[PDB]
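Q: What follows is start.cif, made up of mmCIF, C-alpha atoms:
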```cif
data_protein
loop_
_atom_site.group_PDB
_atom_site.id
_atom_site.type_symbol
_atom_site.label_atom_id
_atom_site.label_comp_id
_atom_site.auth_asym_id
_atom_site.auth_seq_id
_atom_site.Cartn_x
_atom_site.Cartn_y
_atom_site.Cartn_z
ATOM 1 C CA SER A 1 0.000 0.000 0.000
ATOM 2 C CA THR A 2 0.893 3.677 -0.271
ATOM 3 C CA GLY A 3 -0.474 7.020 0.786
ATOM 4 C CA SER A 4 -0.068 10.537 -0.560
ATOM 5 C CA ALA A 5 -1.327 13.726 1.086
ATOM 6 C CA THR A 6 -0.863 17.423 0.440
ATOM 7 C CA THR A 7 0.575 19.492 3.269
ATOM 8 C CA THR A 8 -0.243 23.220 3.383
ATOM 9 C CA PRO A 9 1.428 26.130 5.220
ATOM 10 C CA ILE A 10 -0.782 27.487 7.987
ATOM 11 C CA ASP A 11 0.206 31.094 7.303
ATOM 12 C CA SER A 12 2.203 33.354 5.031
ATOM 13 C CA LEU A 13 5.477 32.624 6.901
ATOM 14 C CA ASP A 14 5.361 28.798 6.738
ATOM 15 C CA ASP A 15 5.227 28.710 10.551
ATOM 16 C CA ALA A 16 3.937 25.130 10.262
ATOM 17 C CA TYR A 17 2.236 22.828 7.805
ATOM 18 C CA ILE A 18 -1.105 21.010 8.134
ATOM 19 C CA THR A 19 -2.128 17.761 6.466
ATOM 20 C CA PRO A 20 -5.728 16.414 6.433
ATOM 21 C CA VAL A 21 -6.162 13.132 8.317
ATOM 22 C CA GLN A 22 -9.312 10.992 8.373
ATOM 23 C CA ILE A 23 -10.145 9.604 11.839
ATOM 24 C CA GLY A 24 -13.016 7.286 12.672
ATOM 25 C CA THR A 25 -16.114 5.906 10.985
ATOM 26 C CA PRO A 26 -17.698 7.814 9.368
ATOM 27 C CA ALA A 27 -14.530 9.825 8.737
ATOM 28 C CA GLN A 28 -13.819 12.921 10.797
ATOM 29 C CA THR A 29 -11.214 14.997 8.932
ATOM 30 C CA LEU A 30 -8.764 16.967 11.112
ATOM 31 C CA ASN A 31 -5.794 19.003 9.909
ATOM 32 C CA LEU A 32 -2.741 17.750 11.770
ATOM 33 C CA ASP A 33 0.830 18.974 12.084
ATOM 34 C CA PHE A 34 3.033 16.071 10.931
ATOM 35 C CA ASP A 35 5.981 16.152 13.319
ATOM 36 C CA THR A 36 9.098 14.028 12.719
ATOM 37 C CA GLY A 37 10.350 15.302 16.074
ATOM 38 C CA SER A 38 7.691 13.615 18.260
ATOM 39 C CA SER A 39 5.809 10.337 18.403
ATOM 40 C CA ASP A 40 2.246 11.025 19.636
ATOM 41 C CA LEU A 41 -0.824 11.371 17.435
ATOM 42 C CA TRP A 42 -3.028 13.682 19.493
ATOM 43 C CA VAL A 43 -6.110 15.691 18.607
ATOM 44 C CA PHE A 44 -8.393 18.367 19.886
ATOM 45 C CA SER A 45 -11.529 16.487 20.855
ATOM 46 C CA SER A 46 -14.953 16.549 22.451
ATOM 47 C CA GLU A 47 -13.060 15.980 25.746
ATOM 48 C CA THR A 48 -10.874 19.094 25.491
ATOM 49 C CA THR A 49 -11.596 21.762 28.132
ATOM 50 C CA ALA A 50 -14.037 24.047 26.341
ATOM 51 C CA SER A 51 -12.151 27.246 27.271
ATOM 52 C CA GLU A 52 -9.048 25.784 25.546
ATOM 53 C CA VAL A 53 -10.736 25.254 22.146
ATOM 54 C CA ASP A 54 -10.859 28.319 19.854
ATOM 55 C CA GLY A 55 -11.808 27.366 16.298
ATOM 56 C CA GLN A 56 -10.106 23.986 15.971
ATOM 57 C CA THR A 57 -11.942 21.042 14.492
ATOM 58 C CA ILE A 58 -12.466 18.371 17.142
ATOM 59 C CA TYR A 59 -12.557 14.589 17.099
ATOM 60 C CA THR A 60 -15.668 13.207 18.814
ATOM 61 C CA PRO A 61 -15.029 9.497 19.568
ATOM 62 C CA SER A 62 -18.650 8.841 20.565
ATOM 63 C CA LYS A 63 -19.632 9.548 16.928
ATOM 64 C CA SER A 64 -17.169 6.963 15.562
ATOM 65 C CA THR A 65 -18.413 3.382 15.374
ATOM 66 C CA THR A 66 -14.803 2.119 15.281
ATOM 67 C CA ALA A 67 -13.548 4.134 18.305
ATOM 68 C CA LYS A 68 -12.665 2.152 21.440
ATOM 69 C CA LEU A 69 -11.414 3.608 24.697
ATOM 70 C CA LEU A 70 -7.909 2.301 25.486
ATOM 71 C CA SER A 71 -8.734 1.536 29.104
ATOM 72 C CA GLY A 72 -6.422 3.126 31.666
ATOM 73 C CA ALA A 73 -4.195 4.809 29.091
ATOM 74 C CA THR A 74 -3.184 8.439 29.543
ATOM 75 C CA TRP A 75 -0.689 10.670 27.795
ATOM 76 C CA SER A 76 1.143 13.908 28.557
ATOM 77 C CA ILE A 77 3.692 15.692 26.379
ATOM 78 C CA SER A 78 5.839 18.825 26.471
ATOM 79 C CA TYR A 79 7.513 20.206 23.367
ATOM 80 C CA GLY A 80 10.815 22.015 22.941
ATOM 81 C CA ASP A 81 8.919 25.306 22.502
ATOM 82 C CA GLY A 82 7.363 25.063 25.966
ATOM 83 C CA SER A 83 3.912 23.982 24.759
ATOM 84 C CA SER A 84 2.106 20.941 26.153
ATOM 85 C CA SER A 85 -1.009 18.795 26.042
ATOM 86 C CA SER A 86 -2.430 15.757 27.834
ATOM 87 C CA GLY A 87 -5.438 13.451 27.895
ATOM 88 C CA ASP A 88 -6.708 9.903 27.368
ATOM 89 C CA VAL A 89 -6.530 7.477 24.473
ATOM 90 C CA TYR A 90 -8.811 5.788 21.969
ATOM 91 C CA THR A 91 -7.966 3.358 19.213
ATOM 92 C CA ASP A 92 -9.622 4.078 15.865
ATOM 93 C CA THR A 93 -9.150 3.903 12.127
ATOM 94 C CA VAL A 94 -6.839 6.601 10.775
ATOM 95 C CA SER A 95 -6.176 7.256 7.080
ATOM 96 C CA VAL A 96 -3.643 9.614 5.495
ATOM 97 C CA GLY A 97 -3.852 10.199 1.754
ATOM 98 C CA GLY A 98 -5.552 6.851 1.062
ATOM 99 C CA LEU A 99 -3.379 4.819 3.455
ATOM 100 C CA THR A 100 -5.392 3.302 6.314
ATOM 101 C CA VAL A 101 -4.266 2.007 9.733
ATOM 102 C CA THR A 102 -6.760 0.180 11.923
ATOM 103 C CA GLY A 103 -6.311 0.283 15.677
ATOM 104 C CA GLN A 104 -4.220 3.463 15.731
ATOM 105 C CA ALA A 105 -3.826 5.121 19.128
ATOM 106 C CA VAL A 106 -5.583 8.484 18.837
ATOM 107 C CA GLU A 107 -4.644 10.535 21.880
ATOM 108 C CA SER A 108 -7.590 12.707 22.888
ATOM 109 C CA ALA A 109 -6.623 15.994 24.516
ATOM 110 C CA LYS A 110 -8.242 16.921 27.793
ATOM 111 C CA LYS A 111 -5.874 19.879 28.213
ATOM 112 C CA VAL A 112 -3.796 21.929 25.789
ATOM 113 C CA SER A 113 -1.489 24.844 26.539
ATOM 114 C CA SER A 114 -2.233 28.345 25.314
ATOM 115 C CA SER A 115 -0.132 28.175 22.152
ATOM 116 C CA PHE A 116 -2.255 25.319 20.831
ATOM 117 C CA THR A 117 -5.481 27.123 21.767
ATOM 118 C CA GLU A 118 -4.276 30.265 20.018
ATOM 119 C CA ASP A 119 -3.567 28.443 16.742
ATOM 120 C CA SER A 120 -6.984 27.677 15.278
ATOM 121 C CA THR A 121 -5.411 26.120 12.161
ATOM 122 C CA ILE A 122 -3.848 23.083 13.864
ATOM 123 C CA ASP A 123 -6.239 20.384 15.123
ATOM 124 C CA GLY A 124 -3.519 18.164 16.564
ATOM 125 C CA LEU A 125 -0.173 16.570 15.846
ATOM 126 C CA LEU A 126 0.791 13.358 14.059
ATOM 127 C CA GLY A 127 4.166 12.192 15.325
ATOM 128 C CA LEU A 128 6.644 10.550 12.945
ATOM 129 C CA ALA A 129 9.706 10.111 15.157
ATOM 130 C CA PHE A 130 10.437 6.712 16.640
ATOM 131 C CA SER A 131 7.817 5.036 18.812
ATOM 132 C CA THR A 132 10.229 4.868 21.760
ATOM 133 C CA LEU A 133 9.320 8.566 22.397
ATOM 134 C CA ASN A 134 5.551 7.938 22.589
ATOM 135 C CA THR A 135 4.180 9.215 25.895
ATOM 136 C CA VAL A 136 1.216 6.856 26.393
ATOM 137 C CA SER A 137 1.240 5.202 29.802
ATOM 138 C CA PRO A 138 1.226 2.504 31.066
ATOM 139 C CA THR A 139 1.368 0.875 27.612
ATOM 140 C CA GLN A 140 3.408 2.821 25.062
ATOM 141 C CA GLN A 141 1.803 3.097 21.618
ATOM 142 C CA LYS A 142 3.166 3.014 18.074
ATOM 143 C CA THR A 143 3.187 5.830 15.577
ATOM 144 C CA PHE A 144 1.060 5.848 12.455
ATOM 145 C CA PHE A 145 4.152 5.091 10.352
ATOM 146 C CA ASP A 146 5.208 2.231 12.626
ATOM 147 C CA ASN A 147 1.708 0.713 12.405
ATOM 148 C CA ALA A 148 1.579 1.055 8.616
ATOM 149 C CA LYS A 149 5.186 0.036 7.869
ATOM 150 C CA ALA A 150 4.632 -3.669 7.246
ATOM 151 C CA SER A 151 1.820 -2.968 4.756
ATOM 152 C CA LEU A 152 3.709 -0.310 2.795
ATOM 153 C CA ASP A 153 5.279 -1.097 -0.561
ATOM 154 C CA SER A 154 8.575 0.206 0.902
ATOM 155 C CA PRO A 155 9.125 1.094 4.614
ATOM 156 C CA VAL A 156 9.571 4.812 3.963
ATOM 157 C CA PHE A 157 7.849 8.137 4.084
ATOM 158 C CA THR A 158 8.960 11.339 2.356
ATOM 159 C CA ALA A 159 8.565 15.015 3.215
ATOM 160 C CA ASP A 160 8.437 17.531 0.379
ATOM 161 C CA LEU A 161 7.581 20.830 2.075
ATOM 162 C CA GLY A 162 6.868 23.896 -0.024
ATOM 163 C CA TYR A 163 8.214 27.414 0.306
ATOM 164 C CA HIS A 164 5.141 29.624 0.638
ATOM 165 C CA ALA A 165 3.261 26.829 -1.186
ATOM 166 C CA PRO A 166 1.759 23.379 -0.604
ATOM 167 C CA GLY A 167 3.873 20.250 -0.602
ATOM 168 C CA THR A 168 3.460 16.523 -0.070
ATOM 169 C CA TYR A 169 3.899 13.711 2.445
ATOM 170 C CA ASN A 170 4.123 10.302 0.753
ATOM 171 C CA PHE A 171 4.058 6.921 2.508
ATOM 172 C CA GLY A 172 5.461 3.732 1.059
ATOM 173 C CA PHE A 173 7.079 5.060 -2.121
ATOM 174 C CA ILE A 174 9.646 7.540 -3.432
ATOM 175 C CA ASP A 175 8.245 9.842 -6.162
ATOM 176 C CA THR A 176 11.165 10.066 -8.577
ATOM 177 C CA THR A 177 9.520 13.045 -10.324
ATOM 178 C CA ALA A 178 9.648 15.161 -7.134
ATOM 179 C CA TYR A 179 13.393 15.878 -6.958
ATOM 180 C CA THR A 180 16.377 16.669 -9.153
ATOM 181 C CA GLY A 181 19.621 14.744 -9.341
ATOM 182 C CA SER A 182 20.100 11.860 -6.921
ATOM 183 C CA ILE A 183 19.122 11.246 -3.307
ATOM 184 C CA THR A 184 22.088 11.148 -0.916
ATOM 185 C CA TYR A 185 21.548 8.855 2.026
ATOM 186 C CA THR A 186 23.128 9.364 5.431
ATOM 187 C CA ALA A 187 23.274 7.393 8.666
ATOM 188 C CA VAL A 188 20.722 7.828 11.457
ATOM 189 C CA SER A 189 21.065 7.336 15.194
ATOM 190 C CA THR A 190 17.815 6.363 16.893
ATOM 191 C CA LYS A 191 19.402 6.563 20.370
ATOM 192 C CA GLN A 192 17.403 9.690 21.336
ATOM 193 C CA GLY A 193 14.243 8.573 19.492
ATOM 194 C CA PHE A 194 14.800 11.128 16.705
ATOM 195 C CA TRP A 195 15.804 11.092 13.044
ATOM 196 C CA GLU A 196 19.292 12.163 14.139
ATOM 197 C CA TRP A 197 22.072 12.478 11.568
ATOM 198 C CA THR A 198 25.360 14.318 11.018
ATOM 199 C CA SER A 199 25.692 17.040 8.422
ATOM 200 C CA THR A 200 29.139 17.331 6.851
ATOM 201 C CA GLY A 201 29.355 21.131 6.990
ATOM 202 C CA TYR A 202 28.031 24.424 5.708
ATOM 203 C CA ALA A 203 28.600 27.471 3.532
ATOM 204 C CA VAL A 204 27.225 31.013 3.799
ATOM 205 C CA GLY A 205 26.178 32.529 0.496
ATOM 206 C CA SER A 206 28.872 32.132 -2.149
ATOM 207 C CA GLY A 207 31.475 31.480 0.549
ATOM 208 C CA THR A 208 33.677 28.442 0.759
ATOM 209 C CA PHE A 209 32.284 25.274 2.296
ATOM 210 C CA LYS A 210 33.432 24.555 5.861
ATOM 211 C CA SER A 211 33.827 20.825 6.461
ATOM 212 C CA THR A 212 32.644 20.162 9.999
ATOM 213 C CA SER A 213 30.360 17.595 11.604
ATOM 214 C CA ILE A 214 27.009 18.937 12.850
ATOM 215 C CA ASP A 215 24.831 16.374 14.635
ATOM 216 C CA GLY A 216 21.150 17.258 14.571
ATOM 217 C CA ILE A 217 17.607 16.063 13.959
ATOM 218 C CA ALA A 218 15.372 16.229 10.910
ATOM 219 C CA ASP A 219 12.279 17.797 12.513
ATOM 220 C CA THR A 220 9.287 18.817 10.393
ATOM 221 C CA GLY A 221 7.574 20.022 13.585
ATOM 222 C CA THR A 222 10.067 22.861 14.163
ATOM 223 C CA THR A 223 9.817 25.998 12.018
ATOM 224 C CA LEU A 224 13.408 27.256 12.033
ATOM 225 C CA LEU A 225 16.942 25.944 11.569
ATOM 226 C CA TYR A 226 18.810 25.749 14.913
ATOM 227 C CA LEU A 227 22.585 25.347 14.635
ATOM 228 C CA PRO A 228 25.662 25.909 16.817
ATOM 229 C CA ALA A 229 26.373 29.506 17.785
ATOM 230 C CA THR A 230 29.613 29.609 15.745
ATOM 231 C CA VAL A 231 27.752 28.663 12.549
ATOM 232 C CA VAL A 232 24.866 31.051 13.208
ATOM 233 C CA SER A 233 27.229 33.924 13.993
ATOM 234 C CA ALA A 234 29.105 33.268 10.743
ATOM 235 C CA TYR A 235 25.839 33.420 8.782
ATOM 236 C CA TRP A 236 24.473 36.635 10.300
ATOM 237 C CA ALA A 237 27.819 38.419 10.034
ATOM 238 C CA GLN A 238 27.134 38.504 6.266
ATOM 239 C CA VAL A 239 23.975 40.596 6.840
ATOM 240 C CA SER A 240 24.529 44.296 7.485
ATOM 241 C CA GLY A 241 22.836 45.347 10.703
ATOM 242 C CA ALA A 242 21.927 41.851 11.876
ATOM 243 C CA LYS A 243 22.274 41.295 15.598
ATOM 244 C CA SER A 244 21.278 38.870 18.319
ATOM 245 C CA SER A 245 18.538 40.438 20.468
ATOM 246 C CA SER A 246 17.883 39.005 23.932
ATOM 247 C CA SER A 247 14.643 40.993 24.178
ATOM 248 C CA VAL A 248 13.330 39.515 20.938
ATOM 249 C CA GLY A 249 14.817 36.080 21.546
ATOM 250 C CA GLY A 250 17.229 35.530 18.677
ATOM 251 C CA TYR A 251 18.831 37.053 15.631
ATOM 252 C CA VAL A 252 16.993 39.930 13.914
ATOM 253 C CA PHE A 253 17.982 41.799 10.784
ATOM 254 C CA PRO A 254 16.859 44.880 8.837
ATOM 255 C CA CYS A 255 13.781 44.021 6.832
ATOM 256 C CA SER A 256 15.434 45.942 3.967
ATOM 257 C CA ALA A 257 18.226 43.341 3.717
ATOM 258 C CA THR A 258 18.727 40.752 1.015
ATOM 259 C CA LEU A 259 19.745 37.591 2.807
ATOM 260 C CA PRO A 260 22.469 35.218 1.605
ATOM 261 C CA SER A 261 21.738 31.571 1.034
ATOM 262 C CA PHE A 262 22.843 28.873 3.474
ATOM 263 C CA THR A 263 24.239 25.539 2.293
ATOM 264 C CA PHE A 264 24.365 22.389 4.433
ATOM 265 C CA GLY A 265 26.252 19.185 3.668
ATOM 266 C CA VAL A 266 24.742 15.730 3.311
ATOM 267 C CA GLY A 267 27.733 13.484 2.826
ATOM 268 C CA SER A 268 29.399 14.769 -0.334
ATOM 269 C CA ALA A 269 26.171 16.444 -1.477
ATOM 270 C CA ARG A 270 24.932 19.950 -0.752
ATOM 271 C CA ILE A 271 21.494 21.419 -0.083
ATOM 272 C CA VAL A 272 21.100 25.156 -0.674
ATOM 273 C CA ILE A 273 18.560 27.096 1.384
ATOM 274 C CA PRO A 274 17.820 30.292 -0.595
ATOM 275 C CA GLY A 275 18.090 33.498 1.384
ATOM 276 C CA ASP A 276 14.381 34.262 1.114
ATOM 277 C CA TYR A 277 13.597 31.040 3.066
ATOM 278 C CA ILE A 278 15.425 32.579 6.083
ATOM 279 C CA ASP A 279 13.179 35.695 6.297
ATOM 280 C CA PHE A 280 10.441 35.328 8.941
ATOM 281 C CA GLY A 281 9.161 38.840 8.642
ATOM 282 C CA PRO A 282 8.670 41.717 11.057
ATOM 283 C CA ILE A 283 9.128 40.864 14.736
ATOM 284 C CA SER A 284 5.855 42.727 15.320
ATOM 285 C CA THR A 285 3.343 44.192 12.899
ATOM 286 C CA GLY A 286 4.790 47.219 11.124
ATOM 287 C CA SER A 287 8.329 46.806 12.500
ATOM 288 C CA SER A 288 11.332 47.213 10.240
ATOM 289 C CA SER A 289 13.211 44.591 12.274
ATOM 290 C CA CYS A 290 12.747 41.098 10.846
ATOM 291 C CA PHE A 291 13.198 37.746 12.546
ATOM 292 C CA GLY A 292 15.851 35.368 11.202
ATOM 293 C CA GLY A 293 15.121 31.784 10.218
ATOM 294 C CA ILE A 294 18.550 30.511 11.320
ATOM 295 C CA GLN A 295 18.991 30.652 15.107
ATOM 296 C CA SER A 296 21.386 29.336 17.731
ATOM 297 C CA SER A 297 20.778 25.940 19.281
ATOM 298 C CA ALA A 298 22.991 26.789 22.267
ATOM 299 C CA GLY A 299 19.995 26.884 24.632
ATOM 300 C CA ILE A 300 18.335 23.715 23.285
ATOM 301 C CA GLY A 301 20.815 20.895 23.740
ATOM 302 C CA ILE A 302 20.435 19.716 20.147
ATOM 303 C CA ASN A 303 20.728 21.057 16.613
ATOM 304 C CA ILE A 304 17.440 21.084 14.724
ATOM 305 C CA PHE A 305 17.088 20.842 10.933
ATOM 306 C CA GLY A 306 13.585 22.315 10.962
ATOM 307 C CA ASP A 307 11.308 23.356 8.119
ATOM 308 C CA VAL A 308 13.651 26.149 6.924
ATOM 309 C CA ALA A 309 16.188 23.471 6.031
ATOM 310 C CA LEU A 310 13.864 20.610 5.106
ATOM 311 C CA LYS A 311 11.719 22.620 2.686
ATOM 312 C CA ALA A 312 14.834 23.160 0.540
ATOM 313 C CA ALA A 313 15.040 19.381 -0.034
ATOM 314 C CA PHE A 314 13.111 16.267 -0.869
ATOM 315 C CA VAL A 315 13.639 14.249 2.298
ATOM 316 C CA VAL A 316 13.382 10.471 2.648
ATOM 317 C CA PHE A 317 12.692 9.038 6.092
ATOM 318 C CA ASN A 318 13.814 5.437 5.518
ATOM 319 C CA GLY A 319 12.407 3.144 8.183
ATOM 320 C CA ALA A 320 14.250 0.015 7.111
ATOM 321 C CA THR A 321 15.632 -2.223 9.846
ATOM 322 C CA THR A 322 18.588 0.155 9.941
ATOM 323 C CA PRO A 323 16.991 3.583 9.389
ATOM 324 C CA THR A 324 18.616 6.199 7.228
ATOM 325 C CA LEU A 325 17.777 9.653 5.902
ATOM 326 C CA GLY A 326 17.939 10.748 2.291
ATOM 327 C CA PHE A 327 18.179 14.274 0.896
ATOM 328 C CA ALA A 328 17.809 15.511 -2.676
ATOM 329 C CA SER A 329 17.630 18.926 -4.217
ATOM 330 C CA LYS A 330 14.390 19.823 -5.985
#
```
What's the structure tokens form of this structure?

A:
Amino acid sequence: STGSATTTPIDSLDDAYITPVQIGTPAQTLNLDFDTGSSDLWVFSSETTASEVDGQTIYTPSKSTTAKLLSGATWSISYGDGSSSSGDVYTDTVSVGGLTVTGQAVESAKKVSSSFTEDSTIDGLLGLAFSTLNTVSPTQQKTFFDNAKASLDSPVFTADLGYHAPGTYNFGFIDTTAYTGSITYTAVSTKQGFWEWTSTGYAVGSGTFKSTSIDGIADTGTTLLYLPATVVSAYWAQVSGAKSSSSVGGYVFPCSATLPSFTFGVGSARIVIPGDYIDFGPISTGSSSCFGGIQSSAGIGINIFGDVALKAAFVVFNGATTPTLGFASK
């Protein structure tokens, strides 16, 4: 089997991408944030505290003839951005782009933190990291990809995120029309539950490539590219007037600037992030100070190849017995 679904930016900045997901019988369609950095499929639901729902579409398990309460199971998660959610668990039928999993754990939110409430465009998350990170207790649950893997034509999914435009998540096949050149594959460590790999270096603009190992995670659920402070400083030094602002919370630059591209290494290959992809617009409405899309990871504990980096590539998440990642230009 295979699946194919279009993923759409939630706003004009590509702050996140939503993908329609069919849950239950008859189908209830929710727009979920596919997140290769976490491993819980959770949704706004009929159980969510009413004051914490503000325009999201909700899953109502009592209206699904295939929903079954997973007795005793609870979940609770906190994300790197400080957001969080928690609740109970149903199993139900979940389909993504024509690909159907029966008995998927659908984590029903009883509580969500304010950032989820305030984003009416995201009805939940669909985690695509490794199932070892799933928060369901006392019986940990598998991700949608893990449940579908054995049925897929090939044990892979691919992320093809658009710049200011829709893109695609495919399951079970690699669309050879969707990229240019060849796909370069690179080793993955699953030790932290993430799609963790090691980039071979970087270049800023037309500058020379610096060969250096940068361990980090391929995370579709993070907007920006978070890299070591040395790398980030080297990038922003090429932008007149750019500075790190503690009050704003990262690097800002004059909205009048033209940004240089940023290249990252995948083995011997190179992926070029155009400069425009690194512009996240005024820090506040009407400001002439703009927020940068490359930021320091010094305060995180890990480097994050977020959407800024991933949307410059066609990315293969290879879930073979030994997982690997693949990157192609497009």

Q: Compile the contact shell of residue 84 (chain A) as a list in words: residues with an atom at most 10 Å away, counting all atoms listed in the file, same-chain residues fewer than 6 positions apart removed.

A: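 Selected residues are residues 76, 77, 78, 111, 112, 113, 114, 115 and 116 of chain A.
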
Q: Please write the residues from the selection above to a file, keeping C-alpha atoms, as an mmCIF file, keeping the file's coordinate frame.

A:
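selection.cif, written as the output of this step:
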```
data_model
loop_
_atom_site.group_PDB
_atom_site.id
_atom_site.type_symbol
_atom_site.label_atom_id
_atom_site.label_comp_id
_atom_site.auth_asym_id
_atom_site.auth_seq_id
_atom_site.Cartn_x
_atom_site.Cartn_y
_atom_site.Cartn_z
ATOM 1 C CA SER A 76 1.143 13.908 28.557
ATOM 2 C CA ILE A 77 3.692 15.692 26.379
ATOM 3 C CA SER A 78 5.839 18.825 26.471
ATOM 4 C CA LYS A 111 -5.874 19.879 28.213
ATOM 5 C CA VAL A 112 -3.796 21.929 25.789
ATOM 6 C CA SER A 113 -1.489 24.844 26.539
ATOM 7 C CA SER A 114 -2.233 28.345 25.314
ATOM 8 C CA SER A 115 -0.132 28.175 22.152
ATOM 9 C CA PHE A 116 -2.255 25.319 20.831
#
```

Q: For the point (21.7, 44.3, 5.7) in the file's frame, write as a list in words all residues with an atom no more than 6 Å away, counting all atoms listed in the file.

A: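 Result, sorted by chain then residue number: residues 239, 240, 241, 254 and 257 of chain A.
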
Q: With distances taken over all atoms listed in the file, which residue among A:86, A:246, A:151, A:190 lies nearest residue 107 (chain A)?

A: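 Nearest candidate to residue 107 (chain A) out of A:86, A:246, A:151, A:190: A:86.
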
Q: Sorted by chain and rising residue number, which residues of region 46-163 of chain A lie within 8 Å of region 306-317 of chain A, and what are their closest atom pairs and distances in Å to one decimal, counting all atoms listed in the file, as a tab-separated table?

A:
```
residue	atom	partner	partner_atom	distance
A:156	CA	A:317	CA	5.7
A:157	CA	A:317	CA	5.3
A:158	CA	A:316	CA	4.5
A:159	CA	A:315	CA	5.2
A:160	CA	A:314	CA	5.0
A:161	CA	A:311	CA	4.5
A:162	CA	A:311	CA	5.7
A:163	CA	A:311	CA	6.4
```

Q: Please save C-alpha atoms of the selected residues as a PDB file, in the coordinates of the input.

A:
```pdb
ATOM      1  CA  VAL A 156       9.571   4.812   3.963  1.00  0.00           C
ATOM      2  CA  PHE A 157       7.849   8.137   4.084  1.00  0.00           C
ATOM      3  CA  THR A 158       8.960  11.339   2.356  1.00  0.00           C
ATOM      4  CA  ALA A 159       8.565  15.015   3.215  1.00  0.00           C
ATOM      5  CA  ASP A 160       8.437  17.531   0.379  1.00  0.00           C
ATOM      6  CA  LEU A 161       7.581  20.830   2.075  1.00  0.00           C
ATOM      7  CA  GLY A 162       6.868  23.896  -0.024  1.00  0.00           C
ATOM      8  CA  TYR A 163       8.214  27.414   0.306  1.00  0.00           C
TER       9      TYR A 163
END
```

Q: When you look at residue 271 (chain A) with a cut-off of 8 Å (counting all atoms listed in the file), what residues show up, excluding the ones that are within fewer than 6 positions of it in the same chain? I need them as a VMD selection string.

A: chain A and resid 263 to 265 312 to 313 327 to 329

Q: I'd like to know which of A:245, A:65, A:105, A:56 is closest to residue 147 (chain A), using all atoms listed in the file.

A: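 That would be A:105, the residue with the smallest distance to residue 147 (chain A).
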
Q: Just the residues within 6 Å of residue 303 (chain A), please, counting only C-alpha atoms, with nothing from its chain fewer than 2 positions along; format it as a PyMOL selection string.

A: chain A and resi 216+226-227+297

Q: Quick one: apply the PyMOL selection byres ((chain A and resi 45) around 10) to the file and drop the selected residues here as a ChimeraX atom specification.

A: /A:42-44,46-50,53,56-61,87,107-111,123-124

Q: Pick the closest to residue 231 (chain A) from A:252, A:273, A:214, A:41: which is it, counting only C-alpha atoms?

A: A:214

Q: Give me the result of the PyMOL selection byres ((chain A and resi 250) around 10) on this file, residue by residue, as a CSV table (one decimal) with C-alpha atoms, in the coordinates of the input.

A:
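expr06.csv, written as the output of this step:
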```csv
chain,number,residue,atom,x,y,z
A,243,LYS,CA,22.3,41.3,15.6
A,244,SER,CA,21.3,38.9,18.3
A,245,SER,CA,18.5,40.4,20.5
A,246,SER,CA,17.9,39.0,23.9
A,247,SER,CA,14.6,41.0,24.2
A,248,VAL,CA,13.3,39.5,20.9
A,249,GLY,CA,14.8,36.1,21.5
A,251,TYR,CA,18.8,37.1,15.6
A,252,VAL,CA,17.0,39.9,13.9
A,291,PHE,CA,13.2,37.7,12.5
A,292,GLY,CA,15.9,35.4,11.2
A,293,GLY,CA,15.1,31.8,10.2
A,294,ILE,CA,18.6,30.5,11.3
A,295,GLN,CA,19.0,30.7,15.1
A,296,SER,CA,21.4,29.3,17.7
```

Q: Go ahead and compute the interatomic distance for CA of residue 267 (chain A) and CA of residue 186 (chain A), in Å to one decimal.

A: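 One can read the CA of residue 267 (chain A) to CA of residue 186 (chain A) distance as 6.7 Å.
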
Q: Which is closest to residue 205 (chain A) among A:165, A:259, A:232, A:218, if we use all atoms listed in the file?

A: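 The closest residue to residue 205 (chain A) is A:259.
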
Q: Can you work out which one of A:302, A:192, A:130, A:136 has the shortest atom-to-atom distance to residue 215 (chain A), counting all atoms listed in the file?

A: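 Nearest candidate to residue 215 (chain A) out of A:302, A:192, A:130, A:136: A:302.
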
Q: Neighbours of residue 30 (chain A) within 7 Å (all atoms listed in the file; same-chain residues fewer than 2 positions away dropped), as a PyMOL selection string?

A: chain A and resi 20-22+28+32+57+123

Q: Running the PyMOL selection byres ((chain A and resi 195) around 8) on this model by hand, what would come out? Give it as a list in words.

A: residues 36, 37, 129, 130, 188, 189, 190, 193, 194, 196, 197, 217, 218, 219, 317 and 325 of chain A

Q: Can you tell me, as a PyMOL selection string, what residues are no more than 10 Å from region 7-12 of chain A when counting all atoms listed in the file, ignoring any on the same chain fewer than 3 positions away?

A: chain A and resi 4+15-20+31-34+119-122+159-169+280-281

Q: Work out how far CA of residue 266 (chain A) is from CA of residue 210 (chain A), in Å to one decimal.

A: 12.6 Å

Q: For residue 138 (chain A), which residue out of A:74, A:6, A:324, A:100 is the nearest one, using all atoms listed in the file?

A: A:74

Q: Using Å and a single decimal, report how far CA of residue 203 (chain A) sits from CA of residue 234 (chain A).

A: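 Distance between the two atoms: 9.3 Å.
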
Q: Determine the axis-aligned bounding box of all atoms of region 36-47 of chain A present in the file, pad each side by 4 Å, and express its centre and edge lengths in Å to one decimal place as lines of an AutoDock Vina configuration file.

A:
```
center_x = -2.3
center_y = 14.4
center_z = 19.2
size_x = 33.3
size_y = 16.0
size_z = 21.0
```
